[PDB]
Each structure stands twice: as C-alpha cells, then as structure tokens.
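Enquirer: Before I ask anything, here's the sequence and the deposited coordinates:
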Amino acid sequence: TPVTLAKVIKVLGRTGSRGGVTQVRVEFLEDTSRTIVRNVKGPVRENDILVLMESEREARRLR
Amino acid sequence: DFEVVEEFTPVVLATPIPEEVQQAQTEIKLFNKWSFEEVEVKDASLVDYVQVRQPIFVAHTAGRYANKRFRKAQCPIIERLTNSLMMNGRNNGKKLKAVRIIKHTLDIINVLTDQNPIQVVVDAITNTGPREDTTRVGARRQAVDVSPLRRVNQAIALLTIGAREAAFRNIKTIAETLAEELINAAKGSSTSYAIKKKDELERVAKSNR
Amino acid sequence: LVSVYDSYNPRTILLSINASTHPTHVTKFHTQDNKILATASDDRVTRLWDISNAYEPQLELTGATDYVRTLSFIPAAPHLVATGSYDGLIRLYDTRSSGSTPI
Amino acid sequence: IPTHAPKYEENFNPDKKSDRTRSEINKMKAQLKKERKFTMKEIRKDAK
Amino acid sequence: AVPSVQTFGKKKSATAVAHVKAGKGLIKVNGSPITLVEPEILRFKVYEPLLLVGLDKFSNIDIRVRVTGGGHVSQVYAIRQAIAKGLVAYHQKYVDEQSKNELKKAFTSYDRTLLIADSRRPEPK
Amino acid sequence: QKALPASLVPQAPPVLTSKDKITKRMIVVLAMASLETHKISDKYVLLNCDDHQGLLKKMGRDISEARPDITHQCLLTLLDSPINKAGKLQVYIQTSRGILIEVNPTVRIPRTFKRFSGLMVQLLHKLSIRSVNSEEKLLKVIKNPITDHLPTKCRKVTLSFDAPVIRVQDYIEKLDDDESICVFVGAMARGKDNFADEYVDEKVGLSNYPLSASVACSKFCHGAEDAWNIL
Amino acid sequence: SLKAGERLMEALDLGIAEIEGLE
RNA sequence: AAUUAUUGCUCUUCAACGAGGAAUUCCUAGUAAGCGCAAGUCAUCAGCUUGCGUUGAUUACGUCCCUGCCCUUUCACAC
C-alpha cells in the first residue's frame, strides 16, 4: 500500500506519555487540511515529515 | 551572442599545481571525483536530514555538531558515515583511516555499478531508514512512528554494523563489505543486513499496532 | 571460481563468483556493457552475471552438448552472444529472449 | 555431521582445584603468599 | 620595500604564520611547495582556500607559510586558516575593498573557521 | 540432459553457529528450563525433583518446578532427530533464571540423567564445555537476549495448546526461501506461555490433544524434515 | 490515573453518545 | 657406539586459552575511547602517582510515564 506523508505542526505537551515517546499533531501533505494525532519514537520537532504506514488510527496515550 | 570575460590573461603560477587540482576550481567534488550535484534525496521526509547541498573536498570537517539538538542534521552525510565507521572500539579516533575506507568504498561502488557513489549512499540511507517502530509498555509492545532524524541515525548505524559483521572473520575487508552493503541497500535487494533489519522492525510494528 | 580483481592491484579482490563446480574455461567482459560478465564452464552452460549482484546468474544459456570453451560478443548488437563448443556448433543467443535455446 | 563427546568431570567442584608435584608446589607458593601478606600486615599494625 | 602582509592561523598547539607579498605565484609551506603538504588524504583542506576563489587571485602574490606545533590535522587547519586570512588582508591592503569583501563572502559561505579561530573552551554546566 | 556435479563424493554439511546469520535453518529454544546448581554443605548438585525435595522446601521453591529431565529428554530428541544429522537444526536453552545456553549440533548428550546432571553442573559453573577429541566448545553460555544470536531473517513461533492447530509441513512450506524458523518450546511441567512474548511473532498449536515438550519438538522436527525432503 | 483532557474526551464520548441516541 | 631419542621428524602424552555468563556500576563535547611523553614537589604515591600534549566519536540535550528527591497549598493590567 502507498504510505502517507504528514508534516508535524505541533509537538503536544503535558500529554503524560511514556519516556522516549512524544505525542504530536500532524497535518497531511496530500490533503493539506486534515490532521491526526500520532506517537513518535525519535527526536521530533515542528515542520518535519513523518511517513505513516496507516493514516486512519488515532493515537492514544501509551503510559 | 552574449559573453562575459573575467580572465584577461592565462594563469601560470610559479609553483606548479597539478592539473586535476586545476580543474578542481570549477566544481567542488568529493575526493576530487564525485559530484554533489545531480544528487537527489529520493525519499522526501528525509531531505532536511540527509543533506548533500554543500559540496566538500574531503570528509574531514571538524565542525561542532553536538552542541545543539538538531545540529547533526546539518552535518554532511559522508562525514556522518565516516564518524559511524570510527565506532566499534579498536579504531576509536582513527578518522583518517575511516576517511580512507570511505574513499576506497566509493571507488569500489563506482567501479561495480557505474553510478555516482554519493547517490548510492543517499539511496541506501533513505531505503534503510525504518518508517515504523515499537516501544515497550509497562510485556506489551506498542507501534509508534519514528522521527526523520532517528531514521537517518538508525540507517547509518545499521549499514556500518552490517559492514563490520560481514568483514569480521572473513577474507573480505571493511571497504569491500561496506560497498556491497551500500549497493544492495540502494537496490533494496533484501540481501543486505540493514534492509533485513528494517523489514523486521516494520513487520513487528505492523503486528503490534 | 571466477575472480574479478582490480586490474593493477593483485592484493584486492573485488568479486569472487562460485560459477560452477566444473572448471570455468572462459571469462569475458561484455564489450558494449560494463556491467556484464560472461563465463563459460564445463557445465556446458554459459552464464551472464551482473557485476553488482553476483549471487545468481543473470542469464543461463544452454543447448550445448559438449564443452563450450569460447564465446564472443557481436560488436553492433549488445543482445547477441556467440558460443563455440566442441560439438562443432556456434550458437547465437539473443539475451532479450528466453535464452535457453539459440536463435 | 560429526559427533564429539563432551569433556567434563564427574563430581565437579568449582572451589577445588583441578604434574601433580608441580601443582602441590604451586599450592605451596599460594600458601607462602598468604602467609607473607598476613605477617606484613601484622608487623605494620604492631609498628603503628 | 615590497608590499607584504603577515597573518596567523591556529588550531590547538599548532601555529602557522603566512607572509603574503607581491610576487609571481610561489606558494610554499615550510620551505617546500604546497603540493607536498602531508597527509595526502588532507591535502585538499590546504588546497581549498586556493580553489574557492581561483588561482587568478594567487597569480600576482607569493605566500610563504611557516608552521610549528600540534599534529598533522591541527597543522593542516592552521595552514588553511593562515592562507585565507593572508589573502583577505593582502586584498584589503593593496587591492580593492570590493575584492576583499568578495573574498570574505566566499570564505564565510564555505567555512568560517578559515577566517575566525575555532576555540573549543570548556563550558561548565 | 544436465551435467553432473564434478564430485559426487558425499560431504559433511556445515555445522551452524550463531556466527552464521544467513543460512536457512530450524531453531528450537527450550525455554523455562529448570537448570540451577546449588551447594550442599561440600557438593554442588543440579537441583532435582526426586533427590532434593528437602532442599527445595527449605529454599521455598516448589518441587514440581525443578524438572531438568524434560530439558534432558528434549535435547536427546532434538539431537537424535535426522534434521540435526542433516545439519539444518540449532538448539538454544533458555533457563528460568535467565541463563542462555548455545548447543553445538556436534555434541553428544549422555543418555543417562546422572551424567547429564554432572555435565550441566560443570557447564553452569565454568560457562563452557569443550570436547575430548578437539577443544571446540560444544556447550556455551552466551549473552542475552536471544535475538542478538538468532539469524537475521527468522520467523518466531511459540508452541502453545490454546493456539489454533496448524500443519507443520504446510507452515514450513509457507515460509520464505531465505527465512529461518525459530520455535519456542516450554521445557516445563505446567506453566503458561508468557515466556517468549517479547520475542515471538505468533503462537501456533500442533495438536488438539495436549503434548509433552519432547513430543512437540519431535512433531515440529518431523514436519520440517518432510517439508525439506530430508528423510 | 488519567490526565486532564483524557477525562474530557471520555466525558464527550459518553455524553454525546447519549445525546445523539436520545435525539 | 643411536643404549645415551647425538640429533631430526612425526605420533602419543599434560595443562590452560580463541574478547569473557548472570548480576552490577559509570558516563553527554575536545566528552567516551585510543596513543605516547615527562615529572616524583614536607601529606599521598613508585606493586605507582601526577602532569603534558596528539588523534577524537556514537547517542540524548526531551520528559515527569516509572524510580527517587524536593517544594507549595496563606502593586498596575489580566488571570
């Protein structure tokens, strides 16, 4: 299946995430208005692109 | 018919400078052979983190790249490959040795593939960067996405570790095994250790999503 | 074995192919294409290899009944390979086709 | 594939040591080292 | 008295001194040509002040560099810094300010450590 | 039609170590193996269900958990199976206390549990066991986790009763051409299959009826041999 | 326990489900 | 004169080893790690101690999710 590319518009704070896991909000590059909340393992900042294998799942707190 | 003349006398220096050094002023090339232009990062989301925009002559830049969090993305990617080749203990600090290994590796890559070896390195890194990973939850594992910087870091680490493993206890040397690893990784041929590890991590992530 | 060295460096072996169990009497490089190595052995099978991935033969040419010990590339046509064998038949192969049987 | 018989000792004791006269002499050197170190420490304590 | 310029380059314990005077194109380091600067693997670091701006900028000058201290890497960086700074200073003293500004822009765009010394002093946290 | 190989002389197939990451194989991990050495008074002995009930009760550990005979008989079954002689089988032991043991396929486990117990005591205290003919280490204690030593392209399953029943030959056929198989078998009396949940891809079942660990290893090995035409 | 905001989402789920069912 | 293997070669014979298990500890830039050189400074040190330069990275630079520790709950505008 094709993969989706989504740009990080904001690194969410005070999430309660597990250490090393960062919760972010990303806006789709294909449709530039749709947004989704995701979990990121690496060091992430704003305005970098994530490659999402699935575009439909909404992320939850990992704890 | 428009022409600009900026050289009004042919230049001859009293000290003799070799001719390949003399053509080196028209374009900056890696080891005076490989061109940083027509080099494209095929995978977007990695354009900012695999940087080839600024040409260099050799892969020994002494800049500070550890002072800031994302300063290491501004580092040239051949320099990062060399820095990851200084790993594994026995050759800690032997950067000239690692630069020599990269030079021979790029020669082998260009001889075998008839391509620009910088492009082969870029394609290898963009292919071997995993796109999804897992993390343990206190033993549940939950699938998460992975940042582009971690993708580049893990790609470089996987390529260098695979090269070391292939070179250990074998006739083949680190330069030959790294050239083979980069060629197979740019091809995506699944023979390479790094592509196998990337597929393994992505498969485990697909399971645990 | 087919061992590909640097032309002026006997210490460094860039490639080593286990082409056959039988002796390989012919190793030639494709004249038009720098990526192709043609090896003829006593398997009575000639094999075209890519220099990049040399784990499997890119093409296997068969149909010789005895001892191919010479091959050649036609200059204008890079798809043609000629194999000469001890049964007396020079077989011309088109590599774009199946290649199991000569044209 | 070939089969190899393992080399192991019945009634194995990790504490106990595994020609023989040389081994006895080496144990005697170990005893000499312990006694010399202990007497050195005792003499130093008495001196202080 | 010919027009001449003296400049310094540093990297750790290494120190290079460049004298750039009016001349014909002799570029010598430690009484030896620039094309013998060792190591081979790092010679282009010494070459790159020449290659960034062109050999025509060096067509009318003589550069003489004396280097002490440090090791091979430190000495190479000291050489290239001293040569770049000597070019900028000679083109500001006896050639035009526009030439000086263009040289400084080229050197700054490539690598500022050609011009300004890289001092890795400790930072307590 | 096709030329014969130059030599039809039969040759011993290569023995597989953890240094070989590439070669397709079958791997069995006997997990939760009860292999613990304890000191009496002075005799170091491997803890036993039959001979050490008083010591187990004094230390508080249940006597039914001290079963190294299961590991012994599973080692006998695996190493005597024809896939091992063909050279396509590797064995790891994952003890309940966290020790990981690599078994060279060329080792001959003693057929009697007394000699097996002595060998396990010396292995657990000396970290390696060599051979009499050549000094090659036939048994080794290696660093955890197992996934460092496992082949790079490997499919991981746990043999479990609750999982759906599969056919081993069809599973091994459905495997890829370059991919190896790793099977986690609980070498324990009565537990539940959390021992390898951090490693495995999936859990599979061999039969509707409950099986012993040796029978499970034998069934999966026989399916592997009929799938790979070893016989 | 839950963070602030997660309680808001679960309350929104429950309440809006009840409201939509009643409507 | 091979009894003294004169000795030579090979086999046999005896011990260890091929980068170090579980546990556990330390560590964020000229830092980890490598390399040598000198000094011997009223305590300390030569079963070594200290200094000096030369090569010189990987990864994090986030977060309170866990494990701890700490702290609070008692000038305008806005809250």
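Expert: Good, I have the coordinates. Numbering: from 1, shown residues only, chains lettered A, B, ... in the order given.

Enquirer: Strands along the chain, start to end?
Expert: No chain specified, so I'll use chain A. A:4-11, A:22-28, A:35-40, A:49-52 (DSSP state E).

Enquirer: not what I meant, chain E
Expert: E:4-11, E:14-22, E:27-29, E:32-33, E:61-68.

Enquirer: picking that back up, could you dump the strands of chain A into TSV and include mean neighbour count?
Expert: Any C-beta I mention is one placed from the backbone N, CA and C, and that applies to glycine too. Below are the strands of chain A laid out as TSV (neighbours: other C-beta atoms under 10 Å in any protein chain shown):
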stretch	mean neighbour count
strand A:4-11	17
strand A:22-28	20
strand A:35-40	20
strand A:49-52	21
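
Enquirer: Adding distance to chain B, write these out as TSV.
Expert: Below are the strands of chain A laid out as TSV (distance: least, C-beta to the nearest C-beta, whole Å):
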stretch	distance to chain B
strand A:4-11	6
strand A:22-28	8
strand A:35-40	4
strand A:49-52	4
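
Enquirer: Quick one: closest of those strands to residue F:113.
Expert: For residue F:113, the closest of the strands of chain A is strand A:35-40, at 50.9 Å, according to C-beta to C-beta.

Enquirer: which ones are touching the spatially most central residue of chain A?
Expert: By C-alpha atoms, centre = their mean, chain A has its centre lying nearest to residue A:38, at 3.3 Å. For residue A:38, the contacting residues are A:6, A:23-26, A:50, A:52, A:59, B:144-145, by C-beta atoms under 8 Å, 6 or more residues apart in numbering or on different chains.

Enquirer: now the strands: where do they sit in chain F?
Expert: F:26-33, F:37-40, F:43-46, F:89-95, F:100-103, F:128-130, F:137-142, F:154-159, F:180-186, F:202-204.

Enquirer: Export these to a markdown table and append columns for distance to residue B:14.
Expert: A markdown table is the format used below for these (distance: least, C-beta to C-beta, whole Å):
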| stretch | distance to residue B:14 |
| --- | --- |
| strand F:26-33 | 71 |
| strand F:37-40 | 82 |
| strand F:43-46 | 84 |
| strand F:89-95 | 70 |
| strand F:100-103 | 69 |
| strand F:128-130 | 69 |
| strand F:137-142 | 66 |
| strand F:154-159 | 66 |
| strand F:180-186 | 67 |
| strand F:202-204 | 76 |
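
Enquirer: now those strands in a markdown table, with mean neighbour count and distance to chain A?
Expert: Output for the strands of chain F, formatted as a markdown table (neighbours: other C-beta atoms under 10 Å in any protein chain shown; distance: least, C-beta to the nearest C-beta, whole Å):
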| stretch | mean neighbour count | distance to chain A |
| --- | --- | --- |
| strand F:26-33 | 26 | 27 |
| strand F:37-40 | 14 | 38 |
| strand F:43-46 | 17 | 41 |
| strand F:89-95 | 23 | 27 |
| strand F:100-103 | 20 | 26 |
| strand F:128-130 | 18 | 37 |
| strand F:137-142 | 19 | 28 |
| strand F:154-159 | 21 | 20 |
| strand F:180-186 | 24 | 25 |
| strand F:202-204 | 16 | 20 |
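
Enquirer: Can you lay out these as CSV showing distance to chain E?
Expert: Listed next are the strands of chain F as CSV, based on distance: least, C-beta to the nearest C-beta, whole Å:
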stretch, distance to chain E
strand F:26-33, 45
strand F:37-40, 48
strand F:43-46, 51
strand F:89-95, 43
strand F:100-103, 40
strand F:128-130, 43
strand F:137-142, 40
strand F:154-159, 41
strand F:180-186, 42
strand F:202-204, 48
